[PDB]
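Written out below as structure tokens is the structure these notes cover.
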Amino acid sequence: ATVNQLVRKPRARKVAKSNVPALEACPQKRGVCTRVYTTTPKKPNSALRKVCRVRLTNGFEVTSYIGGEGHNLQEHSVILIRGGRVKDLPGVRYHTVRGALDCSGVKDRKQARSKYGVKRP
Amino acid sequence: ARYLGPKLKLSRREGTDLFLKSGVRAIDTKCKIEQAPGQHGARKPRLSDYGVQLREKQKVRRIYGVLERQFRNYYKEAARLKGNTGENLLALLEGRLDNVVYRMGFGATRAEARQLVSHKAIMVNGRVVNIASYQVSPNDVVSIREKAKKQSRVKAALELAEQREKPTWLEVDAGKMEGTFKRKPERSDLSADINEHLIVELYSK
Amino acid sequence: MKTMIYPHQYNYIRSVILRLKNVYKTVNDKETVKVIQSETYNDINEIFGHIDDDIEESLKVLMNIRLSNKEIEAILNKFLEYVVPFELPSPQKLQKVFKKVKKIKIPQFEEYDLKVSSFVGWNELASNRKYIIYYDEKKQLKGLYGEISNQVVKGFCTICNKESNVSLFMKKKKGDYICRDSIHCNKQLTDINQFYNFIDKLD
RNA sequence: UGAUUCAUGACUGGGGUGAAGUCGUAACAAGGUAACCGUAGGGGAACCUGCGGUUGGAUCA
RNA sequence: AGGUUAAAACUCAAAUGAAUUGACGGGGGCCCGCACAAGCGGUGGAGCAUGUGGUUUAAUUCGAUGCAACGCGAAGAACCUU
RNA sequence: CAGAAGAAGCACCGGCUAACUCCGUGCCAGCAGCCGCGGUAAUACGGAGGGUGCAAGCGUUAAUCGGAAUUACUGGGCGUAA
RNA sequence: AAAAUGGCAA
Ligand SMILES: [K+]
Ligand SMILES: [K+]
Ligand SMILES: [K+]
Ligand SMILES: [K+]
Ligand SMILES: [K+]
Ligand SMILES: [K+]
Ligand SMILES: [K+]
Ligand SMILES: [K+]
Ligand SMILES: [Mg+2]
Ligand SMILES: [Mg+2]
Ligand SMILES: [Mg+2]
Ligand SMILES: [Mg+2]
Ligand SMILES: [Mg+2]
Ligand SMILES: [Mg+2]
Ligand SMILES: [Mg+2]
Ligand SMILES: [Mg+2]
Ligand SMILES: [Mg+2]
Ligand SMILES: [Mg+2]
Ligand SMILES: [Mg+2]
Ligand SMILES: [Mg+2]
Ligand SMILES: [Mg+2]
Ligand SMILES: [Mg+2]
Ligand SMILES: [Mg+2]
Ligand SMILES: [Mg+2]
Ligand SMILES: [Zn+2]
């Protein structure tokens with residue numbers, strides 16, 4: 001582009017939209033589990049992945065992955081969610097923070113305990 | 001805020017003696033210096049360029065017993081200071097009171113020198129300084145406290161220092177147990193084994 | 001003597017109870033609520049040849065507009081007592097059922113699963129086979145094994161006619177999609193005829 | 001009395017994703033009628049046909 | 001008829017250009033083979049032998065399955081073999 | 001003055017990326033920033049031993065710029081990739 | 001002359 005063209009119309013930057021809009025630029029958000037269920041991943045993966053539908057304090061309703069082995073979440077459980085999509089679960093853009101609010105830490109975890117809300121043995 | 005683990009493992013990982021022991025006995029007798037620590041230590045994996053740079057930086061840190069945050073600050077200061085950044089960095093590490101006490105022979109190891117400094121056994125220019133990181137200027141006089149002069153460790157350390165090569169930039173008087181930092185060490189004065197360029201490159205990564 | 005009900009019948013009871021509870025929860029009209037309530041009572045009466053006081057008590061709780069999930073659970077547990085468990089064949093008999101399979105290994109089946117099992121299905125993952133054992137209308141034990149696809153997909157299952165995680169099943173030429181988990185399938189199944197139709201379709 | 005913005009609405013349009021569904025086989029080889037562009041008409045569907053245009057068509061013994 | 005200006009949600013981790021080695025073509029060329037043509041005798045029908053599938057059975061032991069499994073492993077199952 | 005006494009954890013170890021094995025599990029349970037990993041000999045899941053990096057912190061999430069010469073003034077393109 | 005079709009895998 002010529003300088004004269006740029007003077008008339010300057011270079012324009014990209015929108016750069018967020019991949020975690022429900023957080024609204026917050027590190028975490030609290031929500032209430034409307035539904036807790038399992039969903040199959042997209043190919044080429046096979047599993048029964050644990051997810052919850054959550055209604056956030058901001059009023060957005062989103063699906064959040066429940067990480068680790070085993071959970072105590074039920075409908076009406078109050079959980080904290082953080083950013084983090086699950087590649088093989090379409091429409092799941094958030095993770096549940098283990099060991100926060102109603103969500104319990106993973107049982108019998110000895111490694112990466114801080115990632116699963118497990119206190120030191 | 002200090003490494004309190006086994007010393008020889010560090011030397012084994014680096015593959016060179018870091019002088020983390022007194023040197024009363026050879027490192028080979030004390031440990032298998034050649035072999036890296038752990039189960040898979042005998043295996044020698046190929047090291048990446050990043051790996052080579054990391055290992056050089058870790059070696060220098062392990063020699064002077066400096067943690068990453070402080071070492072990073074030294075790098076930043078060395079880059080800000082006029083002249084060769086790599087040479088400036090080594091000069092800063094040499095200027096530490098801890099290192100100076102060891103090089104003067106008051107301490108058998110840098111860790112021993114650290115305890116002496118920390119335990120208020122060392123005076124700089126006639127004032128007690130208990131900070132390991134304290135930077136010694138040229139013409140400063142470093143001396144043991146009169147109370148600490150009687151300590152057996154200090155006398156033993158002085159004997160070991162006689163065995164070691166004497167720093168040109170330091171003038172030390174035994175019995176008096178005082179030393180003078182005549183000048184900042186030149187790059188030539190320091191060992192050529194260290195490759196400071198790798199550290200500078202690593203911090204530009 | 002308590003009335004004896006088949007597992008599929010019990011699943012049907014559960015469904016009608018859940019419907020009535022949902023009707024109480026989600027319906028604001030009394031007239032509609034009453035019609036469902038009457039229907040639910042009729043269904044249970046059809047399911048049980050004789051209504052004992054315990055059945056009547058359970059019915060009464062169901063009839064009450066203020067039904068609760070915890071109340072339902074207790075009612076279901078009572079109904080579970082009426083349910084008759086699936087008869088597991090002897091290991092030798094099961095070997096006879098699948099003679100061609102050599103040294104066939106039968107997985108241990110939990111009793112509560114066996115209680116609610118209209119049919120028993122297990123998958124040999126190494127062979128990628130699903131084994132189904134059931135008693136026909138004649139009440140003779142019948143066993144079928146077919147290749148089950150490793151892939152699990154979302155679709156309606158031929159046996160239970162419910163949208164579920166299913167895999168293509170080909171008996172020993174189009175396959176039939178059925179639930180990969182037979183235990184879940186058995187819970188979903190409310191009519192034994194549907195399973196029988198699936199067997200007939202396989203032919 | 002207008003404008004604008006947001007939410008919602010029987011029903012409806014097209015879009016996307018998902019099973020090894022059903023019907024064909026339009027394209028890629030000259031893909032078995034070279035393909036494609038604009039336009040027009042037609043047809044369950046991919047498409048077919050006319051008119052003009054392009055080569056981003058194979059063949060030539 | 002439509003033209004022109006011209007988004008978003010959502011979704012994917014590619015899409016794409018040129019060139020390379022193959023393979024393929026109801027592309028071309030040149031050769032060849034019981035490929036065709038020119039012939040002779042068969043198989044498919046019958047009875048029987050033998051193998052296989054299936055069905056049956058207490059068991060009908062196991063293996064071989066387009067060409068390149070099916071008088072195949074078996075150059076020989078009354079018992080033995082098994 | 002008395003006495004080593006009163007004072008170490010967190011993440012990570014398939015590639016990118018410093019650091020590897022055993023056992024358990026067997027497309028499950030699970031992991032995952034990307035590429036991907038898991039269907040019975042998993043350095044990728046879970047535990048353990050060992051190791052690496054940081055350290056009174058260490059990880060995770062959110063957010064900005066960088067890397068992005070990927071809006072290119074410095075400093076890009078437009079025959080066939082837009 | 002006619003001449004259709006063939007899951008995703010690694
Ligand atoms: K997979
Ligand atoms: K409207
Ligand atoms: K055509
Ligand atoms: K046309
Ligand atoms: K996009
Ligand atoms: K004949
Ligand atoms: K014959
Ligand atoms: K420019
Ligand atoms: Mg600190
Ligand atoms: Mg065609
Ligand atoms: Mg054509
Ligand atoms: Mg064409
Ligand atoms: Mg036409
Ligand atoms: Mg318009
Ligand atoms: Mg014949
Ligand atoms: Mg075989
Ligand atoms: Mg015999
Ligand atoms: Mg490495
Ligand atoms: Mg294993
Ligand atoms: Mg960031
Ligand atoms: Mg830029
Ligand atoms: Mg460009
Ligand atoms: Mg093009
Ligand atoms: Mg173009
Ligand atoms: Zn089912």
Side-chain angles (χ1 to χ4, degrees), chain A residues 1-3 6-7 9-21 23-29 40-50 65-70 80-91 94-95 97-98 100 106 108-117 120, chain B residues 1-5 9 12-13 36-41 43 45 47-55 57-58 61 67-72 202 205, chain C residues 96 99 102 123-128 149-157 163 165-170 173-178 180-181:
Chain A
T2 74
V3 45
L6 295 180
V7 169
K9 184 181 61 181
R11 301 290 190 175
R13 318 204 98 68
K14 333 304 171 72
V15 50
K17 57 170 296 301
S18 174
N19 303 302
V20 282
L23 290 178
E24 305 185 302
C26 301
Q28 305 87 13
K29 291 298 292 170
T40 53
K42 76 189 179 180
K43 301 177 304 180
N45 286 351
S46 306
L48 294 184
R49 300 221 182 293
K50 284 65 184 174
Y65 187 71
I66 316 168
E69 50 270 51
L80 198 67
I81 69 156
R82 62 170 178 73
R85 73 150 179 175
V86 183
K87 182 65 174 60
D88 66 10
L89 297 182
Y94 311 96
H95 277 71
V97 178
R98 297 300 305 246
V106 174
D108 308 302
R109 194 72 194 242
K110 301 301 170 63
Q111 311 178 187
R113 281 186 292 98
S114 70
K115 294 182 174 180
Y116 295 94
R120 194 171 186 242
Chain B
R2 297 180 54 240
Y3 175 83
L4 301 177
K9 303 179 66 165
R12 289 174 61 197
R13 177 57 60 185
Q39 175 183 121
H40 309 278
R43 144 236 178 114
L47 196 60
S48 59
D49 184 19
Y50 161 75
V52 172
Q53 292 180 2
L54 173 65
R55 287 274 55 107
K57 184 269 296 180
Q58 298 292 63
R61 277 182 50 197
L67 285 192
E68 182 59 19
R69 173 58 58 105
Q70 196 158 245
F71 194 83
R72 183 181 58 59
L202 180 64
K205 201 185 203 76
Chain C
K96 300 161 196 172
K99 45 148 58 180
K102 177 176 183 172
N123 306 0
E124 187 183 0
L125 301 143
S127 67
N128 299 298
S149 175
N150 53 358
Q151 290 160 238
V152 197
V153 290
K154 171 170 169 286
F156 283 82
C157 159
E163 204 167 8
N165 315 305
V166 294
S167 299
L168 186 68
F169 177 87
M170 309 179 66
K173 302 180 182 179
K174 289 182 60 183
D176 283 298
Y177 279 88
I178 64 176
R180 199 189 191 68
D181 185 8

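Quick note: numbers below take in every heavy atom, side chains included, and nothing from hydrogens, waters or symmetry partners. Below, chain A is the first sequence line, B the second, and so on; all start at residue 1.
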Notebook entry, point to check: What does B:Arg61 touch in the nucleic acid at a heavy-atom separation under 4.0 angstrom: a base, only the sugar-phosphate, or nothing?
Noted result: sugar-phosphate

Next item on the list: Any strand is fair game: report the nucleotide pairing with D:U49 by Watson-Crick or G-U wobble, both distances under 3.5 Å, or none.
Entry: D:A40

Note to self: Once hydrogens and angles are ignored, does a donor-acceptor distance under 3.5 Å link the base of F:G39 to the side chain of C:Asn123?
What the structure shows: no

Item checked: Same-atom distance (P) from D:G42 to D:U22, integer angstrom -> 33 Å

Next item on the list: Check every strand shown and say whether A:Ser18 touches a base, only sugar-phosphate, or nothing at a heavy-atom separation below 4.0 Å.
Entry: sugar-phosphate

Check: Expressed as a whole number of Å, how far does the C1' atom of F:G15 sit from that of F:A42?
Finding: 16 Å

Next item on the list: Can you run through RNA chain E from 5' to 3' and write each base as (, ), [, ], | or . depending on how it pairs? Watson-Crick or G-U wobble, both distances under 3.5 Å.
Entry: .............................................................((........)).........

Next item on the list: Answer yes or no: is there a side-chain heavy-atom contact under 4.5 Å between A:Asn19 and A:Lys17?
Entry: yes

Note to self: Going by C1'-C2'-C3'-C4' alone, is F:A8 a north or a south sugar?
What the structure shows: south

Show the distances under 3.5 angstrom between N or O atoms of the protein and N or O atoms of nucleotides 46-49 of chain F.
from  : atom 1 : to       : atom 2 : distance (Å)
F:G46 : OP1    : A:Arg109 : NH1    : 3.0
F:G46 : OP1    : A:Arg109 : NH2    : 2.8
F:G47 : OP1    : A:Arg109 : NE     : 3.2
F:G47 : OP1    : A:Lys110 : N      : 2.8
F:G47 : OP1    : A:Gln111 : N      : 3.0
F:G47 : OP2    : A:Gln111 : NE2    : 3.4
F:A48 : OP2    : A:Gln111 : OE1    : 3.0

Next item on the list: Give C:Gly155 one of three labels, base, sugar-phosphate or nothing, depending on what nucleic acid heavy atoms sit under 4.0 Å from its own.
Entry: base

Notebook entry, point to check: Hey, does A:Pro10 reach any base, or is it just sugar-phosphate, or nothing, if we go heavy atoms under 4.0 Å?
Noted result: nothing

Next item on the list: Using the torsion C1'-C2'-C3'-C4', state whether the ribose or deoxyribose of D:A30 falls on the north (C3'-endo) or south (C2'-endo) side.
Entry: south

Margin query: Between E:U57 and C:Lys99, counting only base atoms on the nucleotide and side-chain atoms on the residue, is there a donor-acceptor pair under 3.5 Å?
Written below: yes

Item checked: Exercise: identify the closest heavy-atom pair between A:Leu89 and A:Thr40 -> CD2-O, 4.0 Å

Check: Just one of A:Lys43, A:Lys42, A:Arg49 clears the side-chain hydrogen bond (donor to acceptor under 3.5 Å, both in side chains) bar with A:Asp88, so which one?
Finding: A:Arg49

Note to self: Any side-chain N or O of A:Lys43 below 4.0 angstrom from OP1/OP2 of F:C27?
What the structure shows: no

Next item on the list: Could you check which of F:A19, F:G30, F:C10 has an atom nearest any side-chain atom of A:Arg113?
Entry: F:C10

Check: How close do A:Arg82 and A:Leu23 get, heavy atom to heavy atom, and via which atoms?
Finding: C-CD1, 4.1 Å

Notebook entry, point to check: When all nucleic acid strands are considered with a 4.0 Å heavy-atom cut-off, which category describes B:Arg12: base, sugar-phosphate, or nothing?
Noted result: nothing

Check: Does F:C10 pair up with F:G53, Watson-Crick or G-U wobble, with both distances inside 3.5 Å?
Finding: yes

Margin query: For a quick check of understanding: with a heavy-atom distance under 4.0 Å over all strands, which category does A:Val3 fall into, base, sugar-phosphate or nothing?
Written below: nothing

Notebook entry, point to check: Would you say the side-chain atoms of A:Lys50 pair up with the backbone N or O of A:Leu48, donor to acceptor, closer than 3.5 Å?
Noted result: yes

Next item on the list: Classify the side chain of A:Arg11 versus the base of F:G75 as yes if they form a donor-acceptor pair under 3.5 Å and no if they do not.
Entry: no

Check: Taking a pair to be Watson-Crick or G-U wobble with both distances under 3.5 Å, do F:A11 and F:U52 qualify?
Finding: yes

Notebook entry, point to check: Which atom pair, heavy atoms only, marks the closest approach of C:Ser167 to C:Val152?
Noted result: OG-CA, 3.6 Å

Next item on the list: Figure out the NE2/P separation between A:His95 and F:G59, and round it to whole Å.
Entry: 19 Å

Note to self: For Watson-Crick and G-U wobble pairs within 3.5 Å on both distances, what is RNA chain G written in dot-bracket notation, | included for inter-strand pairing?
What the structure shows: ..........

Check: If you take all heavy atoms of B:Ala36 and B:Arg12, which pair is closest and at what distance?
Finding: O-NH2, 3.1 Å

Check: Between D:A20 and C:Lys173, is there an OP1 or OP2 to side-chain N/O distance shorter than 4.0 Å?
Finding: no

Margin query: Using a 4.0 Å heavy-atom cut-off, does B:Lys9 contact any base of the nucleic acid, only the sugar-phosphate backbone, or nothing at all?
Written below: sugar-phosphate

Note to self: Under 4.0 Å, heavy atoms only, any strand: does B:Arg72 hit a base, just the sugar-phosphate, or nothing?
What the structure shows: nothing

Margin query: Counting the atoms with a prime plus P, OP1 and OP2 as sugar-phosphate, which does B:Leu4 contact under 4.0 Å by heavy atoms, base, sugar-phosphate, or nothing?
Written below: nothing

Notebook entry, point to check: Base, sugar-phosphate alone, or nothing: which one does A:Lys14 contact when heavy atoms must sit under 4.0 Å apart?
Noted result: base

Item checked: Sugar of E:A68, sorted north or south by the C1'-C2'-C3'-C4' dihedral sign -> south

Item checked: Classification of the E:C30 sugar, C1'-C2'-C3'-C4' positive north, negative south -> north

Check: Would you say the side chain of C:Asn150 and the base of G:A9 hold a donor-acceptor pair, judged only by whether the two atoms sit under 3.5 Å apart?
Finding: no

Notebook entry, point to check: By centroid distance (under 5.5 Å) and plane angle (under 30°), are B:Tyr50 and F:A18 in a stacked arrangement?
Noted result: no

Note to self: Considering every strand and a 4.0 Å limit on heavy-atom distances, what is the contact class for A:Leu23: base, sugar-phosphate, or nothing?
What the structure shows: sugar-phosphate

Next item on the list: Mind telling me the pucker class of F:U21, north or south, from the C1'-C2'-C3'-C4' torsion?
Entry: north

